[PDB]
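Shown here is one chain on its own, the form deposited in one PDB entry, set out as structure tokens.
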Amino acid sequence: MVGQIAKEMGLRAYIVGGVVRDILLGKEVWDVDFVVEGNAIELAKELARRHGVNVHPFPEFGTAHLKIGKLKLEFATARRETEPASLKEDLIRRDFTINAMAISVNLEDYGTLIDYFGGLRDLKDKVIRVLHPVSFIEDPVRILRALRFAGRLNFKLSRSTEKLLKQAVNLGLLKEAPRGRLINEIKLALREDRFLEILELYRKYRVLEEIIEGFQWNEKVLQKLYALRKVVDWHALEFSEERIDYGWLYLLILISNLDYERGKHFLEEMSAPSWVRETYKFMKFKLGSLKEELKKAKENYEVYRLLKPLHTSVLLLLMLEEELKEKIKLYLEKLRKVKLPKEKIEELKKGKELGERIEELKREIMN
């Protein structure tokens, strides 16, 4: 219908950017971005009115948003900056070549890939490539993005792009950029499954030292990150129904040896989940004594006592220890499995004494 409405209005609309990339990468997404030559707002309004759905105009931005089923559609007028702008002009202002392509929805040429800068080739050769030298200078946030992309798609930075990147951070543009954009970029990054690789690019190009204050790289933290990777693998393998957000753990490991002030400040800027702040504040002090307690553990019931109150995160942190690993595993796939029949429980009930008694019975079963 889009090419039809566009036909009627004498306009040209195209699918654009990341979406196109994801399409070419065989990834399906519910968020599609259109670029219209001519008024995009009217296109969106007509579309929404024909499908009979609510529409959300933004006349100052020149863009509109509408949802059809699970599809999320964003229409945007072609512009030359961040006279009518040509498609080519709207594409030239984007970050990397793999993000620089477009696909016509117009009825006559429909299905035709439009590639000006050779984004198809770079996608073909697995290349993260900036459109112009000045790129990272314009938007320093791209610095992270490139890395992020290179991590997820497992692409490589072109020599041009790499040189310009190193030069971009060397000029300290990372500190000058808006804190919010950067922080959000990182928040995106940690949600990747390949986020570890991204951290590797982060360490390689030394961007973390600029954004975080007091952060430095060493071997212990790195090995901790890999051990965390393995633990995450196993946990997300057998216990996968119990999954939580893993990237925050890697973040915690990164900020572990940091001062608590800059740590709480960082988690504050990062708007981390409550369980993340809890796990961090618990890790900063109590964790040592907890480990020392788990070392003194003999009976299984004491282990149950020191463990069960804690969240999954803390346990995943305890799996870092070689000595504690089999113990925590034993706690997970074994130590908690149990129930009690009717008559017995009825006799157990014959206040808090019911709970205490049940605990006495459980510790009677364990040891």
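Position 1 is the first residue in the sequence shown; the rest follow in order. Take the two forms, superpose them, and find the largest set of C-alpha atoms that agree within 1.5 Å; that set is the rigid core.
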Unmodelled residue 82 in at least one third of other entries with both flanks present: yes
No coordinates for residue 351 in a third or more of the other PDB entries: yes
Is there a break between residue 350 and residue 351, and how many deposited residues does it span: none, 1 to 3, 4 to 9, or 10 or more? 4 to 9
With residue 82 and residue 83 adjacent in the shown sequence, let me know how many deposited residues between them lack coordinates: none, 1 to 3, 4 to 9, or 10 or more. 10 or more
Higher average CA B factor in the deposited record is what I'm after, so tell me if that's 25 to 33 or 330 to 338. 330 to 338
Looking at the entry, does 254 to 262 or 174 to 182 show the higher mean C-alpha B-factor? 254 to 262
Specify which of 64, 68, 47, 310 carries the largest Cα B factor in the deposited PDB entry. 310
From 148, 229, 129, 220, can you pick the one with the highest C-alpha B factor in the entry? 220
Assigned third (lowest, middle, highest) for the C-alpha B factor of residue 274: middle
Considering only modelled residues of the same chain, in which third does the CA B-factor of residue 40 rank: lowest, middle or highest? lowest
Among the modelled residues of its chain, does the C-alpha B-factor of residue 90 lie in the lowest, middle or highest third? lowest
Which third, lowest, middle or highest, does the C-alpha temperature factor of residue 284 belong to within its own chain? highest
Residue 9: which third of its chain by C-alpha temperature factor? middle
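From this point on, the text means the form deposited in another entry, which you will not see here.
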Quick one: lay the two forms over each other on the core and tell me which of 335, 66, 320, 314 moves its CA by at least 2 angstroms between the shown form and the other one. 335
Determine, after fitting the two forms on their core, whether residue 37 shows a C-alpha shift of 2 Å or more between the shown form and the other one. no
Cα of residue 302 displaced 2 Å or more between the shown form and the other one, core superposed? yes
Distance direction in the other form for the C-alpha atoms of residue 301 and residue 288, relative to the displayed form (3 angstroms or more): closer
